[PDB]
Amino acid sequence: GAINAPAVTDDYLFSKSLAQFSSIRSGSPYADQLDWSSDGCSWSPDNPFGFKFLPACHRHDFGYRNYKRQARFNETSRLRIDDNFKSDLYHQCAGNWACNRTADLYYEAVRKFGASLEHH
């Protein structure tokens with residue numbers, strides 16, 4: 001109440017454009033049900049694309065943290081959220097080669113250490 005957190009979570013994660021996700025996030029709707037907190041890829045080094053990648057980081061944390069709250073987090077859903085993150089990063093890069101190479105490092109980091117990144 002008033003929403004079903006899993007359905008809304010999957011809409012915001014996998015259906016909404018990244019820009020509309022950021023818009024929605026900025027107003028923290030349903031904040032008593034949805035976890036809108038994010039570390040904004042604080043686990044990544046400063047780089048020329050890091051600011052551009054910030055909303056992708058927000059959406060990645062949104063996935064992990066709400067799937068965990070919903071008792072839906074497992075290696076399959078973690079991979080789905082990590083793959084969605086790679087898609088978001090590549091969208092931000094818009095074909096820039098150096099940007100894509102940096103996106104690949106972000107994806108590697110969450111695939112390998114996603115189970116422990118928030119812990120750190």
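Nothing in this text is a laboratory measurement; each read-out follows from the coordinates by a stated rule. Positions of Cβ are generated from backbone atoms using ideal geometry, with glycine treated the same way; all protein chains shown enter the neighbour counts.
All Cα-Cα distances of the stretch 14-68, cut into 10 Å bins from zero to the largest, leave 24, 55, 20, 2 percent in each bin in turn. Its relative contact order, with pairs defined as Cα atoms under 8 Å and 6+ residues apart, puts the stretch 5-117 at 26 percent. With both labels modelled 7 Å from their Cα along Cα-to-Cβ, the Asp83 to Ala19 distance reads 2.6 nm.
Which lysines does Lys52 reach when only Cα atoms under 19 Å apart count, and residues fewer than 8 places away in its own chain are ignored? Excluding near neighbours in sequence, the set is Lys16, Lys86.
Shown for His120, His91, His58: other C-beta atoms within 10 Å of each C-beta, ranked fewest to most, produce the order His120, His91, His58.
With both labels modelled 7 Å from their Cα along Cα-to-Cβ, the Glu108 to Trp43 distance reads 1.5 nm.
Each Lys and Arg contributes +1 and each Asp and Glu -1, all at the Cβ; summed about the Cα centre of the stretch 1-55, the dipole is approximately 200 debye. Given +1 at the Cβ of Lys and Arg, -1 at the Cβ of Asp and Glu and no other charges, the dipole of the chain around its Cα centre is 120 debye to the nearest 20. Just to verify a number: FRET efficiency for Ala2 and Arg72, C-beta to C-beta distance, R0 = 30 Å, to 0.05? Computed FRET efficiency for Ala2 and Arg72: 0.90. Using all pairs of distinct alpha-carbon atoms, the Kirkwood hydrodynamic radius of the chain works out to 14.5 angstrom.
Each label was represented as a point 7 Å from its Cα along the Cα-to-Cβ direction; for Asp11 and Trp97 these points are 4.2 nm apart.
Per-residue packing, averaged as other Cβ atoms within 10 Å, sorts the ranges 50-56, 99-105, 61-67 into the order 61-67, 50-56, 99-105, beginning with the highest.
Ellipticity at 222 nm from helices only: DSSP H runs of n ≥ 4 in the chain, each -39500 (n - 2.57), divided by the residue count, give -22000 deg cm²/dmol.
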